Amino acid sequence: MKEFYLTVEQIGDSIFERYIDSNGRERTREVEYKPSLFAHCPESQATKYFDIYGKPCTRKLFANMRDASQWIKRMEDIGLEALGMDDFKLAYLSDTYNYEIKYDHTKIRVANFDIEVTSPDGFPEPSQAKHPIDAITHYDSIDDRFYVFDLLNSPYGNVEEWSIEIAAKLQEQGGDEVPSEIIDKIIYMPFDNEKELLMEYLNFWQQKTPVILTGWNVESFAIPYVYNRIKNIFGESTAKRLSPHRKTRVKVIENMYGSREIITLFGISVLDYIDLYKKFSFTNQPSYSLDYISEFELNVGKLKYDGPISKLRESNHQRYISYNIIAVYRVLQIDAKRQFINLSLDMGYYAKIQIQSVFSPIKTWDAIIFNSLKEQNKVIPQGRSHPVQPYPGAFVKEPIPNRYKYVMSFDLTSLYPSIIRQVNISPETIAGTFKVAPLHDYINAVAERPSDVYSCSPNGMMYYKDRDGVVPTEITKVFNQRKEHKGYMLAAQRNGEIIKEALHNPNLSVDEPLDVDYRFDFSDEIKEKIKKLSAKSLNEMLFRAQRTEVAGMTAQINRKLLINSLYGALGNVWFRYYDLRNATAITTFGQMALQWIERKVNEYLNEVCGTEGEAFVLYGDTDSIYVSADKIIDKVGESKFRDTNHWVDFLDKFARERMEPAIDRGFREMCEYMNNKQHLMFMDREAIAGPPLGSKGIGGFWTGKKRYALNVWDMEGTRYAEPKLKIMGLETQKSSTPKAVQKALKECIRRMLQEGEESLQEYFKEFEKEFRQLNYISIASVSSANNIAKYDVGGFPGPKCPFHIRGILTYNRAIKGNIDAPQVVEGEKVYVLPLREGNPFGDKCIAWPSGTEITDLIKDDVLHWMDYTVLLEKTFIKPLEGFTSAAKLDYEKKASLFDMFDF
DNA sequence: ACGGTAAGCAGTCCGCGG
DNA sequence: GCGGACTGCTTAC
Ligand SMILES: *P(=O)(O)OC[C@@H]1CC[C@H](n2ccc(N)nc2=O)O1
Ligand SMILES: *O[C@H]1CCO[C@@H]1COP(*)(=O)O
Ligand SMILES: [Ca+2]
Ligand SMILES: [Ca+2]
């Protein structure tokens, strides 16, 4: 096994590094690192080193890191470039590890913890930590154990020991239903006072110190709470022992009337799961409680308990510890599914950065390009300052809102990284500029070729074709990796189901799994000898091809993530390599590209069909276009169309054998027109959509920009046995529209696309009649609640207050007094409802925290003055009206043909 | 501090008004 | 008094 780093930090002139060594042991070393930076120099005095612009550079070596920083400061105050890596950690890692780091994650301590704090007044603020910590569960990946510390005596009660035996037992008999596979894994530890508990915990931490610290909301609550709790009782020095180097920073807080803040524990790497999830789920949640994320991710229910949680330790201690145990486990279950931690680790070791820097695409990419440039003795630019000037982006086809019966979309492959490569965009490849004509003029091939010699973008930028550019080179390196490991992940399943069918063959002679690598596709040398194997080494030949299928997935996905994260880096002013003109160059080119192929598609289908200037491209957004395929269908007619599968075949055959070639011909001209280095605009078909054959369904409708629905039968050649609704943007896609309403509109949209107007009407008629029976939560609205405390004027609202904040502050005024009632948290979400006329509240609406049931004390009331008539019209009818107006349908008989006008 | 474009909504504004 | 414009905040592609 080879060496790799665990964590790294700069403290003064020292780098403090934790690492795994030659033999698998973790260690700490302090290195009084001597860094290098670079300055320009005469031609003559040329070295081995050059900047990316190809300019000769003198290497300066510094006694310490402070001296380096003092030099950058001196060079600034002069006005000369100070080149090289100014994050000396990235330089430390780059020097210490010149090679593909290969981590073994079983050697990395990843801690998973949660704490409980009984608090009879407010939510317990972690910056004051004024209430005792009465339970901690701490799971340790090296040990594979849940370490439970349980306070038995506290100001808020004395309670007997938790029992594991009772905890393992079922729901229906006073048991907790702590799952069977972890029960044998819990190390229970009771305490008669809080100082003893905290002291033992600090000791534990000393000997089992996390490299990677995770959990749920652990960064904004748990870590600062224990830190501050310990600090408040023991002193700063004691609480510093949470850091393996006894250094912490307490970062400048956000105050208005509360008081809250984040602690940095040097030498630990904190990935809060709530943050890994908000980064890597790409699905927006109505609430962000662990409670609500589990029922979503894992399909495990409520975490039941009679009575409020502040009386939970007192009333039911046994379930209290158990729930804190299940809390830790539930993260661990999500990470088994999601593999977010391993993703982060895989990213961070590829880039050679602190694992916690995966939350930054700028730092990840900075590091990747730095390593790549170093290994060729090149020198990175001084990261300069730039004014946050807004450039223009992807303009969007404004669609005629309407029904659209037959639709097939096509998609540009990784548009933006493809553009950088094709045009060869990079700081140092800028060649000059040209007279730019209006964009329509390029899109239309009217303006003259921008250049015979350089590679151009319609914003005016020219680039060298003869170089090939720091940035394009780097993306290309990653694309080819993303295709390398795709042959080692989709080949790790070729090794699985081929050992999965050899499992028929059992055992009669002792064996051990064969020594040939999984990063290759097997042949015939071991073909009849994976058969004559035993059925115990067949189980071990399934540990490994499954552990490349995951690593090959996790690594490649990390490349896909790397590829799409770049543009964001490139357009961001803090990026070493940003350049406004290049960014604009990228977008402006995309926009051209997308409208170019628009005109190319419309030109083509008009010649094929025998027709002049009729629109086929009904919409376009950034990388896709959506073509109306009605006239393609109607050029054969419903007939000799056997069944639904028959016309979809037709459209699949048509796009692949005819359209796609013309698109290709179209983009090649565009390449020649702009004289790009390389043609990389690869547009092939995405979705095929329409109504079931022989039906009254409408297949699709657009409402406006970014708001549409399609009945899809095929996605990239994967034909569905049942049609999939591709709704993009409508209320059923929104986190703020109620659930029961999210359902109804989906069923409405389904009925429109697949069945009659008759069936839409039958359903609308019924959802109305059954509305009052619905669950008050399933029919409540949702919004983020930002700046509550701006419109908050003596309990009431002042000038310009939103609806959602109105609700927040008629709540604040209803619960004024009752402490065991949740107070809306600013930045978090709120569930909203409307109240009617002479209500006992004061204003029109009421909003309470999302995820939750409203305090018992007003829940019964709010189920009397609830405005369902306004709530039905607001959340259901208004949006339905939108769809049907667009689709040219009615949801109700008797509807007038006039209106939809103005007279 | 670690990309633009655009929706739909509820509040208010603005100019034009017996 | 009137209704379209513009603002402010969400949350979408
Ligand atoms: P839509 O009709 O699904 O098309 C999606 C396109 C792709 C780029 C652009 N987009 C989507 C999502 C985010 N977050 N940012 C974007 O620019 O819309
Ligand atoms: O514009 C920002 C937000 C999304 O892309 C960039 C990310 O840069 P940073 O490294 O978070
Ligand atoms: Ca798309
Ligand atoms: Ca594709």
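For residue A:485, the test of being in contact (Cβ under 8 Å) with a residue 60 or more places away in the chain and buried (at least 22 other Cβ atoms within 10 Å of the Cβ) is passed.
For the range A:718-738, the criterion of being within 16 Å of ligand 3 (Cβ to nearest atom), in the same structural domain as residue A:660 (by CATH) and acidic (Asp, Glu) is met by none of the residues. Residues of the range A:457-472 that are of a type in the set (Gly, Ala, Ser) and either assigned to a strand (DSSP E or B) or at negative phi (or both): A:457 alone.
The residues listed here are A:653, A:640; of these, the one that is more than 16 Å from ligand 2 (Cβ to nearest atom) and in a loop (DSSP other than H, G, I, E, B) is A:640.
For residues that are within 15 Å of DNA strand C (Cβ to nearest atom) and aliphatic (A, V, I, L, M), scanning just the range A:715-746, find the one that is farthest from residue A:685 (Cα to Cα). Per the stated criteria, the residue is A:741. If you check A:546, A:595 for being on the phi < 0 side of the Ramachandran plot, surrounded by 15 or more Cβ atoms within 10 Å (Cβ to Cβ), more than 16 Å from ligand 1 (Cβ to nearest atom) and not aromatic (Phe, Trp, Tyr), only one passes: A:546.
The range A:545-629 holds helices (runs of 4 or more DSSP H) entirely within its bounds, and those carrying 2 or more residues that are within 16 Å of ligand 3 (Cβ to nearest atom) and under 30 Å from residue A:473 (Cβ atoms) map to A:551-570, A:580-609. Of all the listed residues (A:877, A:858), the sole one being out of contact with any helix residue (DSSP H, G or I) (no Cβ under 6 Å at 6 or more places or on another chain) and among the β-branched types (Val, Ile, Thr) is A:877.
Residues in the range A:715-740 that are assigned to a strand (DSSP E or B), β-branched (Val, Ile, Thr) and within 16 Å of DNA strand B (Cβ to nearest atom): A:727 alone.
Scanning the range A:132-185 for residues that are outside any helix (DSSP H, G or I) and of a type in the set (A, V, I, L, M) yields A:133, A:135, A:136, A:142, A:148, A:151, A:152, A:159, A:170, A:178. Can you find, within the range A:787-824, the residue that is farthest from ligand 2 (Cβ to nearest atom) among those that are aromatic (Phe, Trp, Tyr) and not in a loop (DSSP other than H, G, I, E, B)? Only one residue fits best here, namely A:796.
To keep it simple, each residue is scored yes or no on (1) crowded, with 21+ Cβ neighbours inside 10 Å; (2) more than 24 Å from residue A:291 (Cα to Cα); (3) assigned by CATH to the domain that holds residue A:302.
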| residue | (1), (2), (3) |
| --- | --- |
| A:799 | no, yes, no |
| A:830 | yes, no, no |
| A:833 | yes, no, no |
| A:839 | no, yes, no |
| A:842 | no, yes, no |
| A:875 | yes, yes, no |
| A:881 | no, yes, no |
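You will find that of A:699, A:694, the residue that is surrounded by 15 or more Cβ atoms within 10 Å (Cβ to Cβ), on the phi > 0 side of the Ramachandran plot and not assigned by CATH to the domain that holds residue A:828 is A:699 and no other. Tell me the residue from A:367, A:336, A:394 that is within 13 Å of ligand 2 (Cβ to nearest atom) and among the small types (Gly, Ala, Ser), please. It is A:367. The residue of the range A:598-630 that is surrounded by the most Cβ atoms within 10 Å (Cβ to Cβ), among those that are of a type in the set (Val, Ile, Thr) and within 16 Å of DNA strand B (Cβ to nearest atom), is A:625.
Taken as a whole, the structure places residue A:750 among residues that are outside the structural domain of residue A:833 (by CATH), under 29 Å from the mean Cα position of the chain (by Cα) and crowded, with 19+ Cβ neighbours inside 10 Å. Which of the residues spanning the range A:692-714 are away from ligand 1 (no atom under 13 Å from the Cβ) and either part of a strand (DSSP E or B) or not polar (S, T, N, Q) (or both)? A:692, A:693, A:694, A:696, A:697, A:698, A:699, A:701, A:711, A:713, A:714 - these are the residues of the range A:692-714 that are away from ligand 1 (no atom under 13 Å from the Cβ) and either part of a strand (DSSP E or B) or not polar (S, T, N, Q) (or both). With respect to the conditions (1) under 30 Å from residue A:347 (Cβ atoms); (2) touching a helix residue (DSSP H, G or I) at 6+ places or on another chain (Cβ under 8 Å), residue A:533 falls short on a single one, namely (1).
Which of the residues spanning the range A:407-435 are in a loop (DSSP other than H, G, I, E, B) and within 16 Å of DNA strand B (Cβ to nearest atom)? A:414, A:425 - these are the residues of the range A:407-435 that are in a loop (DSSP other than H, G, I, E, B) and within 16 Å of DNA strand B (Cβ to nearest atom). Of the residues examined, residue A:395 is one that is outside the structural domain of residue A:38 (by CATH), within 16 Å of ligand 3 (Cβ to nearest atom) and surrounded by fewer than 22 Cβ atoms within 10 Å (Cβ to Cβ). Among the residues of the range A:670-691, those identified as polar (S, T, N, Q) and surrounded by fewer than 22 Cβ atoms within 10 Å (Cβ to Cβ) are A:675, A:678.
Scanning the range A:412-460 for residues that are within 16 Å of ligand 3 (Cβ to nearest atom) and buried (at least 17 other Cβ atoms within 10 Å of the Cβ) yields A:412, A:414, A:415, A:416, A:417, A:418, A:419. Looking at the range A:373-386, which of the residues that are in a loop (DSSP other than H, G, I, E, B) and away from ligand 2 (no atom under 16 Å from the Cβ) is surrounded by the most Cβ atoms within 10 Å (Cβ to Cβ)? Among those residues, the one meeting the criterion is A:380.
For the range A:18-29, the set of residues classified as touching an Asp or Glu at 6+ places or on another chain (Cβ under 8 Å) and part of a strand (DSSP E or B) consists of A:18, A:19, A:20, A:27, A:28, A:29, listed by residue number. Taken over the range A:109-118, the criterion of being more than 23 Å from residue A:312 (Cα to Cα) and either more than 24 Å from the chain's Cα centre (by Cα) or of a type in the set (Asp, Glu) (or both) is satisfied by A:109 alone. On the stretch given as the range A:712-728, residues that are in contact with a strand residue (DSSP E or B) (Cβ under 6 Å, 6 or more places away or on another chain) and touching a residue at least 24 places away in the same chain (Cβ under 8 Å) total 6.
Basis: the model, the stated rules and, where named, an outside source; no laboratory instrument gave them. When we count neighbours, we look across all protein chains shown, and the Cβ atoms used for this are built from the backbone with ideal geometry, even at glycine.
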